[PDB]
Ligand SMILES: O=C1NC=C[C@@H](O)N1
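A lone chain, given as structure tokens: the form solved without this ligand.
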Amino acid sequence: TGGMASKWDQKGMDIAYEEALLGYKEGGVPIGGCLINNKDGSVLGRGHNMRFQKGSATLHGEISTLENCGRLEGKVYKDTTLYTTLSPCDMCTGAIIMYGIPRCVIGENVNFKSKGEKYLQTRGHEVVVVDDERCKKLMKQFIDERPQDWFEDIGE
């Protein structure tokens, strides 16, 4: 779309936030997301961080989202938007780049931001930061109460 928001952007961020809330309720890292087809707004998949729920070192919210979409032909990704409640780390950024997902809509980049946000732009992707306070407050609460668990999720 460029500049103007996609008709499905609010739907996507609301779903990402719902996933983050669910993850928080399950005692995990409150980071969620979803992948939407820009063509019809269909939700290809949705998910949240599964580090605590599955003892996973790779299932960040974004990775879990992609995993939940299942095996897809490469072309499908080319016209989708990945929604994430928090700005992607270098790994999740790499996933978006590898699959060629053209747009990444981010809830906030205040609690966390890696060099990946800019790298996505360098690699030709459109990056949108909403600065969604609901996401920011939820993530901040987790960081406040379980700082070490947050650090573990990003190898800190």
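For every residue, the number given is its place in the sequence shown, counted from 1.
Mean Cα B-factor comparison, 55-63 or 41-49, giving the higher one as deposited: Here the higher of the two C-alpha B-factor means belongs to 41-49.
Is the mean CA B factor in the deposited entry higher across 26-34 or across 91-99? The recorded data point to 26-34.
Could you say whether, by C-alpha temperature factor, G70 belongs to the lowest, middle or highest third of its chain? Highest third - that is where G70 ends up once the chain's C-alpha B-factors are sorted.
For the chain shown, is the CA B-factor of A16 in the lowest, middle or highest third of its modelled residues? Its C-alpha B-factor, which the entry lists for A16, ranks in the middle third among residues of this chain.
Could you say whether, by C-alpha temperature factor, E156 belongs to the lowest, middle or highest third of its chain? It belongs to the highest third of the chain when residues are ordered by C-alpha B-factor.
Not on display, but discussed next: the form deposited with this ligand bound.
How would the site be scored, open or blocked, if this ligand were superimposed onto this chain using its pose in the deposited bound form (blocked means 3 or more ligand atoms within 2.4 Å of backbone or C-beta)? Open: no clash with the backbone or C-beta atoms.
Is there a heavy atom of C34 lying 4.5 Å or less from a heavy atom of this ligand in the deposited bound form? Close contact is absent here: in the deposited bound form, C34 is far from this ligand, nothing within 4.5 Å, heavy atoms only.
Does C92 reach this ligand in the deposited bound form, with heavy atoms at most 4.5 Å apart? Heavy-atom contact with this ligand at 4.5 Å: present for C92.
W150: heavy atom within 4.5 Å of this ligand in the deposited bound form? Yes.
4.5 Å heavy atom contact, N68 to this ligand in the deposited bound form: Contact with this ligand, no.
Using a 4.5 Å heavy atom cutoff, which residues in 56-79 contact this ligand in the deposited bound form? It's fine if the answer is none. Those in contact are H60, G61, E62.
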